[PDB]
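Only one chain is shown below, in structure tokens, and it's the form deposited in one PDB entry.
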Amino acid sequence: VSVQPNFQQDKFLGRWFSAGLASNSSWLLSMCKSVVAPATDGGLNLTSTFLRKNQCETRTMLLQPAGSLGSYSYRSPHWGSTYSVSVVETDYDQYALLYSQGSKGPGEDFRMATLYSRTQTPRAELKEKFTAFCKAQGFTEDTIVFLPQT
């Protein structure tokens, strides 16, 4: 539930790399580039890309403001569910720790921690930070995955 104090959304913008995740959903990889840009509604558009066969697919997630800076809500029509997404900790220039949790619909159970890094090569200290962060969130070692570059 913790949100990065004095959250500065403009400093959070730009290119990030999804470098790690932990989740309570078995079926939910490799590192993907994400681009964070402002949304019309004051929140964020999160645009991620991944390779399939010979092509680079693009997906956008609208993160709507949810009442406090660094807190968002995401609506997934295909899963009939809404999810809360919070930037728990970030220094803006190197890393971000995100936590997402279902709020409404059949995905209400869902929980996930995400590591964002400004570079494709996260330092050991950041991998230790993320492991410790997931552990704080009740994720066990088996559910923690570091995402390899390409």
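The first residue of the sequence shown is number 1, and the count goes up from there.
Participant: If you count the residues of the deposited sequence that sit between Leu28 and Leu29 but have no coordinates, do you get none, 1 to 3, 4 to 9, or 10 or more?
Facilitator: The entry has a gap there, with 4 to 9 residues left out between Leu28 and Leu29.
Participant: Look over 131-139 and 12-20 in the entry and identify the one with the greater average Cα temperature factor.
Facilitator: Result: 131-139.
Participant: Comparing 47-55 with 111-119, which has the greater mean CA B-factor as deposited?
Facilitator: Taking the mean C-alpha B-factor of 47-55 and of 111-119, the larger value falls to 47-55.
Participant: Pick out which of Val36, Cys32, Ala124, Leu97 has the highest C-alpha B-factor in the PDB entry.
Facilitator: The record points to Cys32.
Participant: From the list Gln64, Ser103, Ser86, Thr90, select the residue with the highest C-alpha B factor recorded in the entry.
Facilitator: Within the set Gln64, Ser103, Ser86, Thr90, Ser103 shows the top C-alpha B-factor.
Participant: Going by the recorded CA B-factors, say which third of the chain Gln4 sits in, lowest, middle or highest.
Facilitator: For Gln4, the deposited C-alpha B-factor lands in the middle third.
Another form, the form solved in complex with a small molecule, is not on view; read the next lines as being about it.
Participant: Taking the small molecule as it sits in the deposited complex, is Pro106 in contact with it (heavy atom to heavy atom, 4.5 Å or less)?
Facilitator: Taking the distances in the deposited complex, the answer for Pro106 is yes, it comes within 4.5 Å of the small molecule.
Participant: Is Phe110 near the small molecule? Define near as a heavy atom within 4.5 Å, in the deposited complex.
Facilitator: Yes.
Participant: At the 4.5 Å heavy atom threshold, is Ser25 in contact with the small molecule in the deposited complex?
Facilitator: Output for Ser25 is yes: heavy atoms within 4.5 Å of the small molecule.
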